[PDB]
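One chain follows as structure tokens, the form deposited in one PDB entry.
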């Protein structure tokens, strides 16, 4: 990828918290989101992302290495984080649009799955909303963790699929907090007993069926993103 000189970056306003995210411009031209900061792990993260090209995965302009704190320079996504966007635009969403959002994410995730990339932190807060409400996965939390993850630390694309199910719930609930007021231990025990998040009003029976398939106890009973994508698309086509 391209190396970016600090002089080429204009930091306009802080927009995110964690490192930090700033609204800015590169070369007095492109609107960018600048993410300031382990330095080597921070850079490698960018290196991985710059070689993964998909319409539903966020893209970088480059890396600014010269001056501490080092930063990553991303494309600007006008509607920000999905979690935030869902909450602010609550009441304006048709079910079809919410399903479309899930499809966008599923597309990105199927590409990552094929590339043998586990996200490990897939959630609406780690998705971004751009031009014409296109959703992109970014940055590629027990409430999003599968049973084999919170118990055995057993990650796979199938554990991402569980996370995606929770993301679907976030989307169809229009940005509600999953398992609100519940402690980590309460989430673990409830899910292990068989508790699943309720069906949001905007989620059809068909959509909820898919959520529950993402929430199967055994990873092998969950669909891969590649197949999940077609299941989601089929519901859209059915009407």
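The term rigid core refers to the most C-alpha atoms you can superpose between the two forms while keeping them within 1.5 Å. Residue numbers count along the first chain shown, from 1. Shifts are known only where both forms have a C-alpha.
Q: Count, per the entry, the deposited residues between residue 18 and residue 19 that are not modelled, and return the matching class: none, 1 to 3, 4 to 9, or 10 or more.
A: 1 to 3 residues are missing.
Q: Count of coordinate-less deposited residues separating residue 85 and residue 86, as none, 1 to 3, 4 to 9, or 10 or more?
A: Per the deposited record, the segment joining residue 85 and residue 86 has no missing residues.
Q: Please compare 204 to 212 with 66 to 74 and name the stretch with the higher mean C-alpha B-factor in the deposited structure.
A: Mean C-alpha B-factor is greater for 66 to 74.
Q: Can you tell me which stretch has the higher mean Cα B-factor, 183 to 191 or 167 to 175?
A: If you average the C-alpha B-factors of 167 to 175 and of 183 to 191, the larger mean comes out for 183 to 191.
Q: Among 80, 141, 108, 100, single out the one with the highest C-alpha B factor in the record, please.
A: The C-alpha B-factor peaks, among 80, 141, 108, 100, at 141.
Q: Just grab whichever of 96, 160, 113, 131 has the top CA B-factor as deposited.
A: Among 96, 160, 113, 131, the highest C-alpha B-factor in the entry belongs to 131.
Q: Mind checking which third residue 234 falls in for C-alpha B-factor across the chain?
A: For residue 234, whose C-alpha B-factor we compare with every modelled residue in the chain, the answer is the middle third.
Q: Hey, what third does residue 59 fall into on Cα B-factor, ranked over its chain?
A: As the PDB entry reports it, the C-alpha B-factor of residue 59 lands in the lowest third of its chain.
Q: Is the Cα B-factor recorded for residue 53 in the lowest, middle or highest third of its chain?
A: As the PDB entry reports it, the C-alpha B-factor of residue 53 lands in the lowest third of its chain.
Q: Relative to the other modelled residues of the same chain, rank the CA B-factor of residue 25 and answer lowest, middle or highest third.
A: CA B-factor rank for residue 25: middle third.
Q: Sorting the chain's modelled residues by C-alpha B-factor, tell me whether residue 136 ends up in the lowest, middle or highest third.
A: Bottom third by C-alpha B-factor.
Beyond what is shown, the protein has a form deposited in another entry; the following relates to that form.
Q: Using a core superposition, identify the member of 188, 197, 52, 46 whose Cα displacement between the shown form and the other one reaches 2 Å or more.
A: It is 46; the other listed residues stay below 2 Å.
Q: Requiring every Cα in the run to move by 2 Å or more, and the run to span 3 or more residues, what stretches do you find between the shown form and the other one with the rigid core held fixed?
A: Segments displaced between the shown form and the other one after core fit: 5 to 8, 41 to 49.
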